Each structure stands twice: as C-alpha cells, then as structure tokens.
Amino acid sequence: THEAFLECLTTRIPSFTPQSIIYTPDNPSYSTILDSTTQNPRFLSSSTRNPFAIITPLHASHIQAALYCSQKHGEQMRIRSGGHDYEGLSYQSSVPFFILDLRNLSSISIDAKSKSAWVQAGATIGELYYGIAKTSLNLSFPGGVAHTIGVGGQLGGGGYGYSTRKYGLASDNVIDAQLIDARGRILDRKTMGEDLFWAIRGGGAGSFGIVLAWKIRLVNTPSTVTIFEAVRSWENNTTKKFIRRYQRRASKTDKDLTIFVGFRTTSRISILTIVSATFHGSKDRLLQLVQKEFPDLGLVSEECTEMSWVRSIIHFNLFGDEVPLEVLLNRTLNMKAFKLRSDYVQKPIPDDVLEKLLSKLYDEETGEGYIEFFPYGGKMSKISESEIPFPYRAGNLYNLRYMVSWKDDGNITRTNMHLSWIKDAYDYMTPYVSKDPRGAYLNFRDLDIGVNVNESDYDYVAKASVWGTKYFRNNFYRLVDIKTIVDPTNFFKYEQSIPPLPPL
C-alpha cells in the first residue's frame, strides 16, 4: 500500500530524480542496500526486517520531505546510519515501516586550528579517524574501535572505547549538532536550546529528531601510543590474583591506561584470560607502571608495541602485523549471529562467584561464549551524572558484558538454547551487580531489560520507565519532559523510545 506516502515523496523532493533514492522490494538493489548494514547476522532471517521502502537522502531537504510525507500519512520511519544497533532497531519493526538510510550524508570537515570537526551522521568512525590522521598524528577523537560504527547512532548514545578513561565518552566531546525536529526545522545548538542539546548527547537522539551532523571537540594525544596484547591461562593461580587486583584497580590506575579483560574457552577445553590495552605514553613508561600496579599479570616487553594512535585503531580492528594501507579505515564492505547483555559492577565480584560465572562458558560450545570487562574510572569519575543523560560515572568499577555467538541453522530451538545461556548467566549475576535499578548501557542495547507497550495504553509512560531508568537513571524523567516539548505527537517512536506525556 502506502500510495499516498510514496506519491507525496516524489512530489516534495526537489527535482535529479526522486525514484533514484527510493528503493522498494521490487528494485533488485533493495536487498543489497538492506543487507549491507544489517550488522547483526541473527536478523538476516527476521520477518520484521521488511521495510516497504528504503530512502537514501542526499541533502537535508530530502530528509525534510521524507519527514513531512511520513507524518502526513501516518507511516513509520526507522533511521539508519551505520546499522550497528545490537538489537537491529534501525532496520526492523513489527508494523509496516520504511528506513531512512543516511549512508550518503557522510561529509567531514576538520579545523585543526580550533581542534574541531563537523561530521555528517552517515560517516563511519573509520572515515572520521582517517580524516583526523591525515591532519595530524597529535589529534584523536574517543569514538569506539570498530571502524564501521556510524557516528549518527554512536554519538547519540554515549560511545565507549580504549581512551574513555582519558577523555570520556564520544558524547562527552560533542560541542554542536544539526538536528531536524518533527516540524522539519533544521536546528543547531543555539536554536534547539540547551535542554534538547543535552538530550541528544547520549539520551538516544532518534527519540527526538534526525541528527544531520555532529560537531566534535578533537583531543590532544601523544604522537605515539603503546598497546599490549596478552593471553593468560585462567587456571594459573597468579592470573587469578591479577583478575582480583584488576577488579579493584583497573578503574583507579593512571587515566592514560585502559585495560580490557576477556574470557573464553579454547581448544581439552580450558578458559583463556584475554588482556589488551592502550596507553597514551611510551613503552618504557607502560612497563614501569604495569609492573608496579599489576605485577601478577607478568607483562613482558614482547607483549607491548609502540605505534601511532590511528595505527592502534587499525590493529584492534584485526588488520596489520604486516600492516595494510591507512585507507583501510574507509572500506565499509565488511560472520556469526550474536546476543549480548551488560551490567555495571560497583563492588568486586567475589572470587567464588566469578569462578561459577566463568564456568558457564563450558556449557556453551568452544569459544562461543564471551565475558568482557570494560573499566570505568579516570575522566568518567570527574564528570557528573547529569552532565549528559548518561549517568554511570563515579562508583562504577567496570562494565561487564555477556556475549554468545553462533551460526544460524534455521533451527529456532537451537538458536533459543544460546539466548537461554545468556539469560541464565545474567540471572545468576543479579545479586552482585547494580540493583535499583539494574543498570544497562544504551549503546549495548538490550530489549530484555524491557520494551515499550502500545502508545495508546494508559501505562505507556510508567512502562517506559522500566528500561528508561536502567539506561538513564533520574535523567529519564527529564528526557520525558523534553520529549513532550519537541515531539508532542510522538512521531519518533520504537521499542525503546522515550515517551512524551499523554496529551491533555
């Protein structure tokens, strides 16, 4: 159906042919556009991954047209930049929808003098890092690691990486933005006002408008960085001491050092402790620091490598060792299905509890389960809980992520056994993670913490506060009042959209 919507589009798009940016299931390149940024393969066989149209705007005016026609005739929009949402909310809906796909809005301009950049929402962080590196090796931006993450989604939900302890989240370093609200107005920080500019910086911008471009602060980094890659046996009692110390110290060591820890089973079947890190400093200083503060890791100089910050990004994207061209960061032409959940840890997990936790990896097939620690101290502890809607600051030792990966047979029953393994691991940890409410991280989206009910239900707001206070805490109620002002008719809505107050 949707005749009135589709006809209104070709009419309102300034013509140089609108049918070029409008893909429908008949068009042979519709399947390729849909698949290319379906980033979690578990949704490849999803029956709700069936937009009736995909629109690829080339200018702001195409977004305004798609917006105007969409509210006029009641059809539903899913915004997609990089497509990396872990629940695939940018390309799935239970009701008929179209995708507004921002891939062709990916222009980047950099001002080295004032250490700032403009990035359009369809750019990946790989393209941004490439542009920054071609300008200076003393400039960084703390986005994530994986080079195909879209800046559209990432900067609207937080953005954690190897340099967050030094610089804060990607959202903490946004200084302006171009946002298109429900009325089709193109606003920036001055005209959108401070409440809305607060809300889009980690509150989930897609609840409030279509971010056209972000303006970011570029940060100063030393020209060379040191990484280490290290593997230890979890059965080694000295590494168990290291993990004991890590829980208490990784969030409190030098802000220039961020250490990630992961666990998976290998090979007759044992658990590996995976340890990786970036240090904004020299190798000699890295070895002195880690040996004084984490001696049970037994870090050896052969585990450490000095390189430029952008090269450290390229290495952690699994290129290199025999290094490829820097233009690697531009190749978005990038495979197992996965489910993940996460938790905030504020008190060290007791040793016996961590053992039982990790023992659950044996119950999944070898190497499929994965448990990771991402430390939160440093700058994250110097920023208030309401500076932006992201509230997990001081008092958080690390974010604990659970993940299970698999190859999809088509068999629902066997796919459900993996979902059931994660749920089991998450339920077991209930008494040892944050409580009231159990915290979760927006950019590690998880529908199992709760979803919206129907917007006409009388308890739509309170139901939304179930997941809403897990992502945001007391910042949720301020997001609701802001949503009421900028989107009173609730055009921007999905399974975990901030609700506006019911109209009086």
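Numbering starts at 1 and follows the sequence shown.
Participant: Unmodelled residues of the deposited sequence between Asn334 and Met335: none, 1 to 3, 4 to 9, or 10 or more?
Facilitator: Gap size class: 1 to 3 residues without coordinates, per the record.
Participant: Should the segment between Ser267 and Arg268 be described as having none, 1 to 3, 4 to 9, or 10 or more unmodelled residues of the deposited sequence?
Facilitator: Unmodelled stretch: 4 to 9 residues.
Participant: On mean Cα temperature factor in this entry, is 446-454 or 45-53 the higher one?
Facilitator: Averaged over C-alpha atoms, the B-factors run higher in 45-53.
Participant: Mean C-alpha B-factor higher for 85-93, or for 67-75?
Facilitator: Result of the comparison: 67-75.
Participant: Which is it among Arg80, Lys113, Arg341, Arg248: the one with the largest CA B-factor in the entry?
Facilitator: By C-alpha B-factor in the record, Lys113 ranks first.
Participant: Among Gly410, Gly204, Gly395, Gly152, where is the Cα temperature factor highest, going by the PDB entry?
Facilitator: It is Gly410.
Participant: Would the CA B-factor of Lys356 place it in the lowest, middle or highest third of its chain?
Facilitator: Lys356: CA B-factor falls in the middle third of its chain.
Participant: Ranking the modelled residues of this chain by C-alpha B-factor as given in the entry, is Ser465 in the lowest, middle or highest third?
Facilitator: Within its chain, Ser465 is a lowest-third residue by C-alpha B-factor, going by the deposited values.
Participant: Taking only the Cα B-factors deposited for this chain, tell me whether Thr24 sits in the lowest, middle or highest third.
Facilitator: As the PDB entry reports it, the C-alpha B-factor of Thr24 lands in the highest third of its chain.
Participant: State the tercile, meaning the lowest, middle or highest third, of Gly157 with respect to the CA B-factors recorded for its chain.
Facilitator: It belongs to the lowest third of the chain when residues are ordered by C-alpha B-factor.
Participant: Compared with the other modelled residues in the chain, in which third is the CA B-factor of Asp172?
Facilitator: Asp172: CA B-factor falls in the lowest third of its chain.
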